[PDB]
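Read on for two forms of one protein chain; each stands alone as structure tokens, with the labels structure 1 and structure 2.
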Structure 1
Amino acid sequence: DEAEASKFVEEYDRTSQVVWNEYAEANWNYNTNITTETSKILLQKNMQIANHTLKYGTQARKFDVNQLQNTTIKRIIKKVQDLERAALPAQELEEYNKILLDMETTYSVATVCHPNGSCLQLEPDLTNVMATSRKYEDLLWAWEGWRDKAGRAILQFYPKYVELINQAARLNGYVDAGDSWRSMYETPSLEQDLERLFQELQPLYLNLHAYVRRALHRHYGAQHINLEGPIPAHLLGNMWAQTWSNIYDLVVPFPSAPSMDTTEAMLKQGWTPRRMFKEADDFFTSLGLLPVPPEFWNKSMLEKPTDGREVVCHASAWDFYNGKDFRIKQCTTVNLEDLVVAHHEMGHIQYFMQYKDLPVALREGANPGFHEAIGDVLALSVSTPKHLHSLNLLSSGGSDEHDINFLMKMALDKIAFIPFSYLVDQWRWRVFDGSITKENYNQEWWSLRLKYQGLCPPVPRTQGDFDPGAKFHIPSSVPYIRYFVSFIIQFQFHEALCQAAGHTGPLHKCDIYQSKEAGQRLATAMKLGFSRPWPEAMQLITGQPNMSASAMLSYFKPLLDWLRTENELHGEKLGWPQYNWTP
């Protein structure tokens, strides 16, 4: 029993390193150059990894996990018993593989053109229209156009995807795919936990929603904005209305206090994509944390290719499973937004390197949310006026008005995201559990878009529309609740790391730069990887075991007070009692 289990673990680990390393590069070649050849080679490398997973997964299932003495060994074998997609019969496996590939390619090659012959890709073209245009009709063209081309074209694949991913999940002992996804957190109370955490941030979100709805009322006209209704989903400076910081100019609390154009400030002093990752590297090393290998700089795709290549532009960070080769792939634009994104990517990279000496089965974040949180934590300190001024991207800081402005900028990004990141997998769990059918995909999406976010589609939805398909993580099959957890827990990390750094006074003024006390708590948690249940890693960073929104609420507390006063003086109905309103 016990000695065979130890040998199995070792054999699995060394062989997976080879098989997963070979898969990583084939997958990289498809991502950095979408062709029919790299698509073929990947689908073939899917079959080799499936063979490995099946061989070792079948053998792991003959071990009684219950009889196993060693805790680490027992936790590995149990994980290896989950074949995931490899549990599918050969014919379904290759269909599910082609489906996943066809959804990725469809999303990534989608363009939106005018009759004049000019066509727009999502990054950077449609993305810039969403962020900078203040014309109702232009935003609507980019918003509808993206959903017409990407969303609609994903719909032919999705019901077959749901069937196959669910089947593989049943074959691994789960009730459905969303059940398999939720189990990554190892928390039976998970749904309740997240629901409570969502309700905690309701008052702060409803007040932000009401404040911004008024500002859109000012700008876009009383005829197009309902002050008791949902906000049209194309007016928030982002394609999915998931973050609202790009319309900051429309909502500035104190316009008498102008802040530098951080983007033109980056362009003015000749910031590059390379510079942005070099600065993220520096923030990571300032904490006493690992620098990126030299190899990283030679192998990563830090900017969008210009040699006429078709790519997956939605960013990702890569582990090639040898402990040396880690890469980022980003279609980077020189702005504050992608500087924050670069840090997110470098936190994934830092995580790979921190747990690189664990068995591969344990080479994961404490939970998926821990992995998304790490780069966002540093980025919170980066985005402070103090630190931005030190990068020469600002000129100051000080007055309670600059404070409210900075906090508003932060809330338009962080608070606005809470209902959205909660939504996606609420929709998807109900698609997976069978309660939402292909008949109700879209209607149920907008039902939740209304309920949680207070948004309405600017144009009524017709038959054949599949608006979830216009969002990366859906055709790409990436779980989303990881980002909801991340946004809550990053402020907990921030609060506790600020305490270690000896920050007194308001949390939003904290800048953990160069703190070896902050660095030590992240490194100690990250080195665990997936070895222990996550409340341990949570305890190690924050001195306690639970997820809480209190650290986030504390950070925005001065904004909540300002929003309440400001909304109360404008007589705003919080929420959307007239929910059925459509523009």
Structure 2
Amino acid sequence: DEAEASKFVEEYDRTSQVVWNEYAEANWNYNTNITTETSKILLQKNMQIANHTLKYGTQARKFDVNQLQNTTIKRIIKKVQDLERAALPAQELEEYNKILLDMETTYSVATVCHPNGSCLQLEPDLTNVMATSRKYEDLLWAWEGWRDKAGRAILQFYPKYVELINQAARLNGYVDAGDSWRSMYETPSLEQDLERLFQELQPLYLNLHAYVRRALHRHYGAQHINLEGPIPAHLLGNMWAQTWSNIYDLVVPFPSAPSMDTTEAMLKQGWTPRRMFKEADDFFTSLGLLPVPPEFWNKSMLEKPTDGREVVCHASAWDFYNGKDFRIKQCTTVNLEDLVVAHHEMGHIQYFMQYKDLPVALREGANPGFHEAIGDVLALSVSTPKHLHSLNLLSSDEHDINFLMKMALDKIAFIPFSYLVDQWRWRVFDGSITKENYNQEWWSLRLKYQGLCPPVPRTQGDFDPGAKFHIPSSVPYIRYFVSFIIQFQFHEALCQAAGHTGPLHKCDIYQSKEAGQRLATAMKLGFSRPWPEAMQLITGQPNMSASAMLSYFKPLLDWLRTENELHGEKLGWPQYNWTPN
């Protein structure tokens, strides 16, 4: 009955707290201090989580979930019925852990080297080349080089990874791993919904794409850019051409209206990584939201240490399932791109602190997209010229179009990429894309969604999806697509809460108490209620909608339509079979 169900949830919740705290600190101590000792501790905590998930998952399955009157109780048990990888037989479980470990390790130490020269790492070296170099062959060197070293070597583990992750999902009642990932959104019409949202943002992306293609035509020469074909993938200022903000200098509509180089101003005025997180902390507290505990400043790795090498530099925010212990781990470089990211990650820390009083089972975002949305919403206001000038990082209609272009290069360009990644994966998981098709189908979708072609023809043995962190690390990517849509919905709602009128893109909700209240009640729910409720608390409506993003960029869309029409651009890539010569 109901009494035995809540007895089970109570017992699960307190045992999970203890073991989850033990896993996280083990995961931290390894990631922040790589040693044989710290690795051994991690492996012992891995099999404990598996044992605990196996034990409590088996019991959770003994309950008939629909016989239960309490929905909070119902959700918790229905979650525990899914063991994830812990559903696998011992040998297959440990082989799956080996493969993930092998894929992550291969990705992390992969280096591209000159003949007699230095061996560059992805971050920050190859990232810097992609961002700053405006020479075709150098961009190509780093682009091809990374996919040859990282991607190629992941290909030996991926088919067996797919096999095992699919098996674990079938043992948990799903048809495949993609089915399992999509279920986290509890939305049967999910596929169609994301499809429709993608269609509504199409004309906005096509207009940006056409405009940027022309600018690249001007810089890289008519013999290297087809004005009716896909753009070569290595030219967008980013390794994965997922975000195009680094080529602002190439596309800025009015260099006639100049602005400060933000990275220059930051290094000059004595900005430290420590100080970038203080600034992000201040922005949250100005809204009346929770400050970070003192333990955060003591225990966080906000920059790489010098006492001893061997650390993982990837940016990440950590919940320790303690209620008191929350940390960020990042090898932050002092620049605008890392100042924005700092606000994003503090957004995760805020979310952790808000739902900390809930049982650990419900200590998550309303859906995986909600979690990444918080932090991005605030950063929108941080990104505004009004706020950046107040940070001494900047100095009128022409300035306005400039800013909107900069935000389009960040936000609009990402839309097709975030959609693209899991469109590929779901088809890999369901078996419509096989290991002979891996790379061809990746580039089919790169062309179809993004209008990109490879700069160099790909060969058998190439596994370019494996050059993107989230692939060998097995982190679902559709969360970011949902994130980018709903963050403009939140923005729109928080700005009218703050009583802001006029163009939505000018809104800066800094120090807005009413706006802080909205997010606070939404984040307090955690995973306890279906996400349409938290969506309704913030926006008034329960749906994901593209309208707010479309409303935000309306002035830029109008401007691009006008500009593309007069220059005689064909929108899209009609000559879609074109590749470089």
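Residues that one form lacks are left out of the comparison. When a residue number appears, read it as a position in the sequence of structure 1, where counting begins at 1. Whichever C-alpha set is largest while still superposing within 1.5 Å between the two forms counts as the rigid core.
Chemist: Tell me, with the core superposed, which single residue in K409, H314, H473, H508 has its C-alpha moved by at least 2 Å between the two structures.
Modeler: Flagged residue: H314.
Chemist: Quick check: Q520 between the two structures - does its CA shift reach 2 Å or more after fitting the rigid core?
Modeler: No.
Chemist: When the two forms are laid on each other by their rigid core, does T35 show a Cα shift of 2 Å or more between the two structures?
Modeler: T35: C-alpha displaced by 2 Å or more between the two structures.
Chemist: Is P305 one of the residues whose C-alpha moves 2 Å or more between the two structures after the core fit?
Modeler: The answer is yes, as the C-alpha of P305 shifts between the two structures by 2 Å or more after core alignment.
Chemist: Relative to the superposed core, what is the Cα shift for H570 between the two structures, in Å?
Modeler: C-alpha shift for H570: 0.6 Å.
Chemist: What is the C-alpha shift for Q44 between the two structures, rigid core superposed, to one decimal in Å?
Modeler: Comparing between the two structures after core fitting, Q44 shifts 2.7 Å at its C-alpha.
Chemist: Tell me, which consecutive runs of three or more residues change place between the two structures by 2 Å or more at the CA, with the core overlaid?
Modeler: Moving regions between the two structures: 29-44, 304-314.
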